């Protein structure tokens, strides 16, 4: 099936992967260097062997495309995928006067019911961000996230470079260009970032009226990470094409350190016992073409019949 390269990736680290310790203190069976490709004309690569929230993917992509870096847009669409980054900063600020959330990450997955007071404090933060502009502007804005890196690269002379926007015009004006690249790896920021980009960079390729895309992911969480990455960049590929009047080609995914967290073995093992189903169909708004002005309503996922979802203990 369309999503077999995924399953195979997992099986290869399960069988061939080596134990290697990491940043976050769980263990991982990790390999280094791996490539897999999805021909996007056969269907959209949203895993069927496990239910994956397209809405979270869609809303996260649209946020990116807007050069938006404020968590408020996400919360508006019920996407809480990025909260903890803003929360981390909230806690470390003069204004925070509440139940000390030190290392809350570990201290929630752990036995103490820190998570009880955690979630209510988070609910407060989220509401503040959603309703108080001054607050939203203060802690709701992350700054150095993809949308910033894609649509507002800060140069030395102080200006802003719209990498993505430029790259698209280049594809229209020079389809056969071996320089269609968008990078997220700024060497002058990585050393002070909490999470340097996982999706380091991507490259477009046009040939035969087909638009392909290759994504280089320096680090990957096979079970929790990779499923999203695939649908996100396959969706990007579809959108950019919809604009450049091109047809959709393949989505090549290259990996640096592809790893499986030791606390995800049973989970991944269970998923591998499933038999893939016919992939879903993506349907974009024909009349609308400016992908930078798209909204949830313009992207329709069709025929998605996934197996139920596998719950998994997140690391940290």
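Positions refer to the first chain, counted from 1.
Annotation for 160-168 versus 103-111: the higher mean temperature factor (C-alpha) is found in 103-111.
According to the PDB record, 247-255 carries the higher mean C-alpha B-factor of the two stretches 31-39 and 247-255. When the Cα B-factors of 92, 179, 210, 238 are read from the PDB record, 92 comes out highest. Residue-level inspection of the entry shows that, of 277, 289, 264, 58, 289 has the top Cα B-factor. Sorting the modelled residues of the chain by their CA temperature factor places residue 98 in the highest third.
Sorting the modelled residues of the chain by their CA temperature factor places residue 314 in the highest third. Among all modelled residues in this chain, the alpha-carbon of residue 173 has a temperature factor (C-alpha) in the middle third. Sorting the modelled residues of the chain by their CA temperature factor places residue 306 in the middle third. Among the modelled residues of the chain, residue 26 sits in the highest third by CA temperature factor in this PDB entry.
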